[PDB]
Amino acid sequence: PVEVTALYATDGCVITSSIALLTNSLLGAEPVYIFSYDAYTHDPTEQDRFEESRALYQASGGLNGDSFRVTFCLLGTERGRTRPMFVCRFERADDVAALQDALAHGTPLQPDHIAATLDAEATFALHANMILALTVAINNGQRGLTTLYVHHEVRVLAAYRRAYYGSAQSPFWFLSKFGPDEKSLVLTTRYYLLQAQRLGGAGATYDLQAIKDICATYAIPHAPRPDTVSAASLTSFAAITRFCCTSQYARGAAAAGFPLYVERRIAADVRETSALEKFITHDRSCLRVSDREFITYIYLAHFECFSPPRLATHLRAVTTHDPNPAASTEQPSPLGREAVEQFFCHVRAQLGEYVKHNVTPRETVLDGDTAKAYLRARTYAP
Amino acid sequence: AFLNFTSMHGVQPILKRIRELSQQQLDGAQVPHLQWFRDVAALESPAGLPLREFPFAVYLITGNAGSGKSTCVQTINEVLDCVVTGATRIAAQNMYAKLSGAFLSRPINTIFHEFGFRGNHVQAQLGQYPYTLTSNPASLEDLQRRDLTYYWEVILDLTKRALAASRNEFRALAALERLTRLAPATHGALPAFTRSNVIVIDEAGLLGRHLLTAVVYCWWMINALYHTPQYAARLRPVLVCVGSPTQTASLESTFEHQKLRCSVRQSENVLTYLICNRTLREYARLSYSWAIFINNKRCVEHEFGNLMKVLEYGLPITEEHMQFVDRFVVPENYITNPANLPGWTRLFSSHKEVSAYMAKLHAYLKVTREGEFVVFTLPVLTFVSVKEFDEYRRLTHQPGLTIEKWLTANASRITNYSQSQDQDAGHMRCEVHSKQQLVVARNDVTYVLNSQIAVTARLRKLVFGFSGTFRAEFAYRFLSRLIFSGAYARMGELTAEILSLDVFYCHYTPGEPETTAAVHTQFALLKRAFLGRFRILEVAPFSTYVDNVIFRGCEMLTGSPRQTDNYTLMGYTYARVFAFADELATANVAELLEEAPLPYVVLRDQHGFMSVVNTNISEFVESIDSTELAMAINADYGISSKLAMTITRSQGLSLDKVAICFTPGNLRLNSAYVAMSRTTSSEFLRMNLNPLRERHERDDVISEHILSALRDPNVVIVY
Amino acid sequence: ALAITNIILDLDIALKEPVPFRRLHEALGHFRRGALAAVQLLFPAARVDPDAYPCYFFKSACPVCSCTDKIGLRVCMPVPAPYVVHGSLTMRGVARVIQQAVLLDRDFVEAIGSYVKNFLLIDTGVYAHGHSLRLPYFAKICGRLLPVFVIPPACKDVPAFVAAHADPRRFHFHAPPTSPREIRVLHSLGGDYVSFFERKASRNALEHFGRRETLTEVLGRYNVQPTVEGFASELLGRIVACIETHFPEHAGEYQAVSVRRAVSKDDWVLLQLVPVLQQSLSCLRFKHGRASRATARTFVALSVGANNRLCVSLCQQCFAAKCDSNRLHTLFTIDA
DNA sequence: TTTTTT
Ligand SMILES: Cc1nc(N(C)C(=O)Cc2ccc(-c3ccccn3)cc2)sc1S(N)(=O)=O
Ligand SMILES: [Zn+2]
């Protein structure tokens, strides 16, 4: 019963090929190529989740279940980053043999394997409302889909391209927008698309650049690639899929630690930032200083807390060297404590110590006739 | 990698506020009904128009240019439902560039397109009817009625066009069992305001206050006729206005039809309207709905950043600032002399000044015979009609007016103003060719050769070749066309591999295949080819085009006829293409365009691909008798030099190197701040005088408002 | 030139709405408390008992304080013995200390806080040389400054305190101090950049951006030990070459001039360029008549700029209406 | 002085 969320992209227009697959028509059906997948079982602590996930993603390759319900998806919006297209059951020995082969290596899944395994009880149920809306619109399940395919092709294609808006963009687009590194290309594509919204958490509201930065600081050990294939030597999806499936950031500890590390990093970062912004907002609200010195404080404080050196130390304090949460090498961050130690506690104190800190006084002592002299010389006459 | 960190973790509170601002259901009675917009159509004058509140929300994202406000928009687009718009086409394309550089963003259009602005609305009397606000305190209803009376000649036309179009649409689907979410997909070409309630307007300070209400008003329109699911959910628009409040202004132009004196007054932009109006700052609750981005990234200079801080925040001008900006002052005759500061954009505070300087620059580049820019002459025409200037002269209460006196000022109001009043040109000579019932006029506009020019209006590029150096699916076809035009044996050893006495110069087959499959067959081949032979042995331009070109003088000899992008002026080939000849009034001038060969100017993009473009045609329709009729259509090229411009237009786009020419007496510190902030580095900045040392009219009213916003616990500051 | 003996602060209060007099008098008592704390902090060897030290208050006429614009206040404090304050900047610093000390006492902010739109009360620009301050018992050409009596909590002579507001010495900057053995002259309080925010920001600037060497050090590279006329000599030729190319309509005017050192700030050396005798140098800009144009002065300004390179500027001071009268303007800055 | 929307 292991459930897999899979993102695929055929050779050409994936929408037309997918619709033809749903209609069981042998006209256009490019073997489908899966490139990113999230496997989960209905349920947890952080280490309980890590053990469950490490069990899920078999280190040798593939998954560990006997029957697999796989929900294929495309880049689309319903704000969801993907959109499901068709769901397939895999209970027979031949079905799971094809799924393990296509999930651990990357060999495309032929139309036969999928077409013989559509969960018609649910597959055509996912897009049934789209069928109804198309019927109503053109007026002004699978037999209905075929009939609507025949009647007005242009509107069917336009509807299936507006929904699932991104569909297939380009092989090069994925290598462009999901980092040049293999770590990014596998892990960030898994999280930002098929793992962010499902698992919830703060990462659901974070952007692609932020998630790529988090992946960059997820610096797990890097073993060399057995075929020494470079990440930029990829042209079609048969290369990206092969790179991702036979990668060692995809079938084990790293694939299990990334979702937990996203949550951990954000929690540590917000703990320090939110503390620093509490201090910032309070001091801003109660400053009562001149306009120029106010701007000087606000810029100075934002620098003194969020300067490039302080930020570098903080990001090196959250960088991991292992995905196991109980064996993590991340250590407490010095950002807020250092910022409070130098700038903030001292400003809270000056809030008549302010005079002692900012007085630099020069009082020259003149005793004798020189006092009388200085008086008449520098004061209005008696 | 650490640069994004502050934005990444500070945009989240912004995102966690826009969501509740967009998911707040209104009371049933407060929702503007369809009958409201039905009555608006019935109303003729904007006087009996009933006081009607149109609910809306705002979230203000403000800051210096280079703040990074674009990162906030990026995060919003990928997380929230939103319709991203722009105040100018350039700003919309800039946002598209910066949103498609991270993920997918649908084609970003202007807010004007979103609320239905069309061609005839461009020259419309937008300031006619009066209003004595029954106000102080000004009710929101009164403010909205003022902004609708301001735009009566636009709101009324939009309402009439939307209403009298008829009803199907969502009304149909909603009754599936009596699925509107899948309605915009199945029923296409539907307005984009029917699928979201978060409207992001970038550089919204370029829009006047009249637009704010207008947008909200229009929103409700497009959600009432179509009976959108958001209208059934009783949601209300939230306008995320992103822009710089102290580096951007909006101006209103009115043309008096007897004095022929086109005047341009200053106006209250959306940002200033929202920040400085006590009624809007309370209804919209700007305190809990304001984000100021505070960091200027492209500033590696401490003193320059300090100067930007004092100018933007209205801080007192001290002696030290005067001494710092003293190091930029260079004489008046040094900036204006074309021999100095080559490649530096020069800003003036008058369109006449730019028209003088460009002519002087052309004189310099012609007399000193600089082969870098072979100055050339190119025709631009105009087409007035006898009936138009007969009836309009009749209606202006003055039937005596010469055509040249008609073109005394309406030349600006006949096309894109920016280049129209900032171009050196000959006298627009006209003779009476009443063959197609027209008065034709013709002159020529002098450009420079091979300069980084910019496209002003919307043009249709037709790529003909690639004029780039050896360094380097239809794009793959064009690359195949390039290869079609593609030691002595050692690089030849790898050349014989391409072959499958230069080995490439022995035998060949047409480089560009026709079918896509054959193109891909020959694609990997040519891709590996250059990598191998060129590796051994790159500055000479690999000039390769689909057709042989001969640039005699400036016009090229392509035999076969068949805005943000920084293009390069190349030459005026004629090679009449039917692609640009989509001519269908317009046909009366189409016949003359067939008669007189229309020159198509050729431009070179950043990559180096040569592109032949179409011309531009624009109408003048304004009148006083409420009779908008097509008077005159102006056929010209619509290209800008990017070498000299006005300070006011400089607000829109950032510049590399800047020399500012300041006119004394007209010194406004906001103009100085805008002019000085267009360049990243203070090193490459020269100026006429010192704006800090001379008498300057400073208007520090919005500055204190930002300062009080920076002094509020509920305003989110992002570093 | 003279020594300041009374702390005279100009309190410009902004109002959201009209105020009751009792609230104002209580706020003034709180202001007295805060100012006396600030004074005992600034002058540490004095003895300011904050229940007997006389502070004097004057309000501008605008009972019901019919104030629609501002409550014009003037606060006069005797400088405690044996101190005397010298310098415009020293009293500027005293004013900043008092201002940031009165917005610390919770009583003052609790009393007047709901009324003051901008919490800034003290103006610090009325202490420069040549700047005037309206005396109490005088009007404006709209409000005769009249005393408002805030008696010290433990004042042992009330009639004396009342008949102390009428003595001009109590409200004059350089009044005679009212048998002196010792006298301590507070003549410097650091400067504008001694605020912790200013001192921290300056230190962060050096760490992150770099050191901007002072004018003297930069000039020392070009064999100048401040002598400045020594470099100004050779600089005159370059400046004249610049003007007789870019500004030629007055060319033959600075052929023979002698640099006269006039103003010396540690980052700004201004040398006048008077010729040989009273022939004035025609103003380079804003072309005037024969006599009007020849009513201007010229200066040369050496400063440090860019990547620590000595920047030389030509500047003018014109005596005509078209140019800012008696204000210094810049024309070109050249490298050296 | 003063741009911009199709
Ligand atoms: C040592 C230092 N470097 C600091 N940086 C990186 C900055 O100012 C960066 C900056 C500079 C200018 C602006 C701006 C932008 C528009 C209008 C006014 N201003 C914003 C941000 S701040 C300090 S500090 N506060 O320690 O002295
Ligand atoms: Zn002068």
# chains A, B, ... in the order shown; residues from 1 in each chain; ligands from 1
>>> residues_near_ligand(ligand="ligand 2", cutoff="12 Å", atoms="only C-alpha atoms (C1' of nucleotides) and all ligand atoms", output="ChimeraX atom specification")
/B:664,694 /C:280-289,291-298,315-331
>>> interface_residues(of="chain A", to="chain B", cutoff="9 Å", atoms="only C-alpha atoms", output="short mmCIF file (atom, residue, chain, number, x, y, z; two decimals) with N, CA, C and O atoms, in the first residue's frame")
data_model
loop_
_atom_site.label_atom_id
_atom_site.label_comp_id
_atom_site.auth_asym_id
_atom_site.auth_seq_id
_atom_site.Cartn_x
_atom_site.Cartn_y
_atom_site.Cartn_z
N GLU A 78 -3.73 24.16 -8.97
CA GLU A 78 -5.16 23.98 -8.79
C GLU A 78 -5.80 25.27 -8.27
O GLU A 78 -5.61 25.65 -7.12
N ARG A 79 -2.13 27.20 -3.32
CA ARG A 79 -1.40 27.06 -4.57
C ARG A 79 -0.54 25.80 -4.55
O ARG A 79 0.48 25.75 -3.88
N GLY A 80 -0.98 24.78 -5.29
CA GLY A 80 -0.22 23.55 -5.38
C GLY A 80 0.79 23.61 -6.51
O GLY A 80 0.51 24.10 -7.60
N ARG A 81 1.99 23.11 -6.23
CA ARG A 81 3.07 23.17 -7.20
C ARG A 81 2.99 22.09 -8.26
O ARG A 81 3.60 22.24 -9.33
N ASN A 129 -14.69 15.91 -13.25
CA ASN A 129 -15.29 17.24 -13.24
C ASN A 129 -14.81 18.07 -14.42
O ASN A 129 -15.58 18.89 -14.96
N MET A 130 -13.56 17.89 -14.84
CA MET A 130 -13.08 18.56 -16.05
C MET A 130 -13.85 18.08 -17.27
O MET A 130 -14.16 18.87 -18.17
N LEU A 132 -16.97 17.06 -17.22
CA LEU A 132 -18.29 17.68 -17.15
C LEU A 132 -18.24 19.14 -17.59
O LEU A 132 -19.11 19.60 -18.35
N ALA A 133 -17.24 19.88 -17.13
CA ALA A 133 -17.10 21.27 -17.52
C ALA A 133 -16.86 21.41 -19.02
O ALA A 133 -17.42 22.31 -19.65
N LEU A 134 -16.05 20.52 -19.60
CA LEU A 134 -15.86 20.54 -21.04
C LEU A 134 -17.16 20.24 -21.78
O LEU A 134 -17.44 20.87 -22.80
N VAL A 136 -20.24 20.89 -20.76
CA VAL A 136 -21.10 22.07 -20.64
C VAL A 136 -20.60 23.18 -21.55
O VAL A 136 -21.40 23.82 -22.25
N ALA A 137 -19.29 23.42 -21.57
CA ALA A 137 -18.74 24.51 -22.37
C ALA A 137 -18.92 24.25 -23.86
O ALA A 137 -19.41 25.11 -24.60
N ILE A 138 -18.52 23.07 -24.33
CA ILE A 138 -18.63 22.75 -25.74
C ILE A 138 -20.09 22.70 -26.18
O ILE A 138 -20.41 22.99 -27.34
N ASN A 140 -22.15 24.82 -25.60
CA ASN A 140 -22.50 26.18 -25.98
C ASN A 140 -21.40 26.82 -26.81
O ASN A 140 -20.61 27.62 -26.32
N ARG A 155 -10.44 22.76 -27.80
CA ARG A 155 -10.84 23.13 -26.45
C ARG A 155 -10.39 22.12 -25.41
O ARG A 155 -10.04 22.52 -24.30
N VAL A 156 -10.36 20.83 -25.74
CA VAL A 156 -9.86 19.82 -24.80
C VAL A 156 -8.39 20.05 -24.50
O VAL A 156 -7.96 20.05 -23.34
N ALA A 158 -6.71 22.85 -24.91
CA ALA A 158 -6.56 24.13 -24.23
C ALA A 158 -6.93 24.01 -22.75
O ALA A 158 -6.28 24.62 -21.90
N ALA A 159 -7.97 23.24 -22.44
CA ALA A 159 -8.35 23.04 -21.05
C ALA A 159 -7.31 22.24 -20.29
O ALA A 159 -7.00 22.56 -19.14
N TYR A 160 -6.76 21.19 -20.90
CA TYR A 160 -5.74 20.40 -20.23
C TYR A 160 -4.37 21.08 -20.21
O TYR A 160 -3.46 20.58 -19.54
N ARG A 161 -4.20 22.18 -20.95
CA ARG A 161 -2.98 22.98 -20.84
C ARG A 161 -3.12 24.18 -19.93
O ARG A 161 -2.12 24.61 -19.34
N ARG A 162 -4.32 24.75 -19.80
CA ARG A 162 -4.53 25.81 -18.81
C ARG A 162 -4.46 25.25 -17.40
O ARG A 162 -3.67 25.71 -16.57
N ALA A 163 -5.28 24.25 -17.11
CA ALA A 163 -5.01 23.39 -15.97
C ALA A 163 -3.74 22.60 -16.25
O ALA A 163 -3.39 22.34 -17.41
N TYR A 165 -0.88 23.90 -15.77
CA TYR A 165 -0.44 25.00 -16.63
C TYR A 165 0.98 24.80 -17.15
O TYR A 165 1.23 24.95 -18.35
N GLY A 166 1.90 24.46 -16.26
CA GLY A 166 3.27 24.22 -16.69
C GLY A 166 3.42 23.05 -17.63
O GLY A 166 4.17 23.15 -18.61
N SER A 176 17.80 24.00 -15.21
CA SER A 176 18.06 25.41 -14.98
C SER A 176 17.49 25.89 -13.65
O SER A 176 18.19 26.55 -12.88
N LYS A 177 16.23 25.58 -13.37
CA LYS A 177 15.51 26.16 -12.24
C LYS A 177 15.65 25.31 -10.98
O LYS A 177 15.17 25.69 -9.91
N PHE A 178 16.32 24.16 -11.08
CA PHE A 178 16.49 23.34 -9.89
C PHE A 178 17.97 23.05 -9.67
O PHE A 178 18.36 21.90 -9.42
N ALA A 204 6.30 24.67 3.19
CA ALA A 204 5.25 24.81 2.19
C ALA A 204 5.15 26.24 1.67
O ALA A 204 4.71 26.46 0.54
N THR A 205 5.56 27.22 2.48
CA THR A 205 5.47 28.62 2.09
C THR A 205 6.80 29.21 1.66
O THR A 205 6.90 30.44 1.55
N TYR A 206 7.82 28.39 1.42
CA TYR A 206 9.12 28.88 0.99
C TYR A 206 9.33 28.68 -0.50
O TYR A 206 8.84 27.72 -1.10
N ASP A 207 10.08 29.60 -1.10
CA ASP A 207 10.27 29.67 -2.53
C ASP A 207 11.34 28.69 -3.00
O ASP A 207 12.00 28.02 -2.20
N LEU A 208 11.52 28.61 -4.32
CA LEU A 208 12.47 27.66 -4.88
C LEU A 208 13.91 28.04 -4.56
O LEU A 208 14.74 27.18 -4.28
N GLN A 209 14.23 29.34 -4.62
CA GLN A 209 15.58 29.77 -4.28
C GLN A 209 15.90 29.49 -2.82
O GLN A 209 17.02 29.07 -2.50
N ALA A 210 14.94 29.72 -1.93
CA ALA A 210 15.14 29.41 -0.52
C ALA A 210 15.38 27.93 -0.31
O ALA A 210 16.26 27.52 0.46
N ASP A 213 18.81 27.03 -1.44
CA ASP A 213 19.79 27.43 -0.44
C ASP A 213 19.85 26.43 0.71
O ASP A 213 20.94 26.03 1.15
N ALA A 216 21.72 23.54 -0.42
CA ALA A 216 23.15 23.82 -0.46
C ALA A 216 23.78 23.66 0.91
O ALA A 216 24.91 23.18 1.03
N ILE A 266 14.90 25.71 9.24
CA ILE A 266 13.91 26.83 9.37
C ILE A 266 13.68 27.11 10.86
O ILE A 266 13.76 28.28 11.25
N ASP A 269 16.70 28.85 12.34
CA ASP A 269 16.83 30.21 11.76
C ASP A 269 15.76 31.13 12.35
O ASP A 269 16.13 32.23 12.80
N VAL A 270 14.50 30.69 12.37
CA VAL A 270 13.40 31.59 12.86
C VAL A 270 13.61 31.87 14.36
O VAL A 270 13.37 33.00 14.77
N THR A 273 16.19 34.69 14.21
CA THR A 273 15.68 35.90 13.51
C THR A 273 14.54 36.53 14.32
O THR A 273 14.60 37.74 14.56
N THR A 281 12.05 45.56 16.75
CA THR A 281 10.77 46.25 16.79
C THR A 281 10.61 47.02 18.09
O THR A 281 10.15 48.17 18.09
N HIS A 282 10.99 46.41 19.22
CA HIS A 282 10.85 47.11 20.49
C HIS A 282 11.70 48.37 20.51
O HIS A 282 11.20 49.47 20.79
N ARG A 284 12.96 50.05 18.10
CA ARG A 284 12.44 51.01 17.13
C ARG A 284 11.25 51.77 17.69
O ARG A 284 11.17 53.00 17.57
N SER A 285 10.33 51.06 18.33
CA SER A 285 9.12 51.70 18.82
C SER A 285 9.39 52.64 19.98
O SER A 285 8.74 53.69 20.07
N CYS A 286 10.40 52.35 20.81
CA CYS A 286 10.64 53.18 22.02
C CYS A 286 11.92 54.03 21.89
O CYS A 286 12.40 54.52 22.93
N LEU A 287 12.45 54.20 20.67
CA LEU A 287 13.75 54.93 20.51
C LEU A 287 13.59 56.41 20.91
O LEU A 287 14.40 56.87 21.74
N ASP A 291 15.63 62.22 13.80
CA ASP A 291 15.37 61.48 12.53
C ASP A 291 16.66 60.84 11.99
O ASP A 291 16.61 59.66 11.61
N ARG A 292 17.76 61.61 11.95
CA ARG A 292 19.04 61.09 11.40
C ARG A 292 19.54 59.92 12.24
O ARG A 292 19.84 58.86 11.66
N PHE A 294 17.87 58.09 14.20
CA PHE A 294 16.97 56.96 14.04
C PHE A 294 17.37 56.09 12.87
O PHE A 294 17.50 54.87 13.01
N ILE A 295 17.59 56.69 11.70
CA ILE A 295 18.02 55.93 10.53
C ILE A 295 19.35 55.26 10.80
O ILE A 295 19.57 54.10 10.41
N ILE A 298 18.59 52.16 12.83
CA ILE A 298 17.89 51.07 12.14
C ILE A 298 18.84 50.36 11.17
O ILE A 298 18.93 49.12 11.17
N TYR A 299 19.62 51.12 10.40
CA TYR A 299 20.60 50.49 9.53
C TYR A 299 21.71 49.81 10.32
O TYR A 299 22.14 48.70 9.97
N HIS A 302 20.30 46.52 11.79
CA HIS A 302 20.14 45.48 10.78
C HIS A 302 21.47 44.96 10.29
O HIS A 302 21.59 43.76 10.01
N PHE A 303 22.50 45.80 10.21
CA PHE A 303 23.83 45.30 9.90
C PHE A 303 24.40 44.44 11.02
O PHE A 303 24.85 43.31 10.77
N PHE A 306 22.50 41.18 10.99
CA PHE A 306 22.44 40.40 9.76
C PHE A 306 23.56 40.75 8.79
O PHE A 306 23.33 40.84 7.58
N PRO A 308 27.09 40.10 6.59
CA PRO A 308 27.57 38.92 5.86
C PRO A 308 28.44 38.01 6.70
O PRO A 308 28.32 36.78 6.58
N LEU A 311 26.13 36.22 9.23
CA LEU A 311 25.31 35.28 8.49
C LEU A 311 26.11 34.06 8.07
O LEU A 311 25.61 32.94 8.11
N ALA A 312 27.36 34.26 7.64
CA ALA A 312 28.17 33.12 7.24
C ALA A 312 28.42 32.19 8.41
O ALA A 312 28.33 30.96 8.27
N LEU A 315 25.15 30.23 9.04
CA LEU A 315 24.89 29.17 8.07
C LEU A 315 25.89 28.03 8.18
O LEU A 315 25.53 26.89 7.87
#
>>> select_by_dssp(residues="stretch 244-281 of chain C", states="strand (DSSP E or B)", output="ChimeraX atom specification")
/C:257,260-265,268-272,275
>>> interface_residues(of="chain A", to="chain C", cutoff="10 Å", atoms="only C-alpha atoms", output="PyMOL selection string")
chain A and resi 286-291+293-301+303-304+307-309+343+346-347+350-372+374-382
>>> atom_distance(atom1="atom CA of residue B:192", atom2="atom CA of residue A:76")
17.1 Å
>>> interface_residues(of="chain C", to="chain B", cutoff="6 Å", atoms="only C-alpha atoms", output="JSON list (two decimals) with N, CA and C atoms, in the first residue's frame")
[["chain", "number", "residue", "atom", "x", "y", "z"],
["C", 246, "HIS", "N", 36.63, 75.18, -20.68],
["C", 246, "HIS", "CA", 35.21, 74.89, -20.50],
["C", 246, "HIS", "C", 34.40, 76.15, -20.21],
["C", 329, "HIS", "N", 29.29, 78.00, -3.77],
["C", 329, "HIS", "CA", 28.88, 77.13, -4.86],
["C", 329, "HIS", "C", 30.11, 76.52, -5.52],
["C", 332, "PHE", "N", 33.79, 73.19, -10.76],
["C", 332, "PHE", "CA", 34.39, 71.96, -11.24],
["C", 332, "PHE", "C", 35.34, 71.41, -10.20],
["C", 333, "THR", "N", 35.41, 70.08, -10.14],
["C", 333, "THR", "CA", 36.34, 69.38, -9.26],
["C", 333, "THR", "C", 37.25, 68.53, -10.13]]
>>> atom_distance(atom1="atom CA of residue B:112", atom2="atom CA of residue B:41")
20.1 Å
>>> atom_distance(atom1="atom CA of residue C:8", atom2="atom CA of residue C:132")
12.0 Å
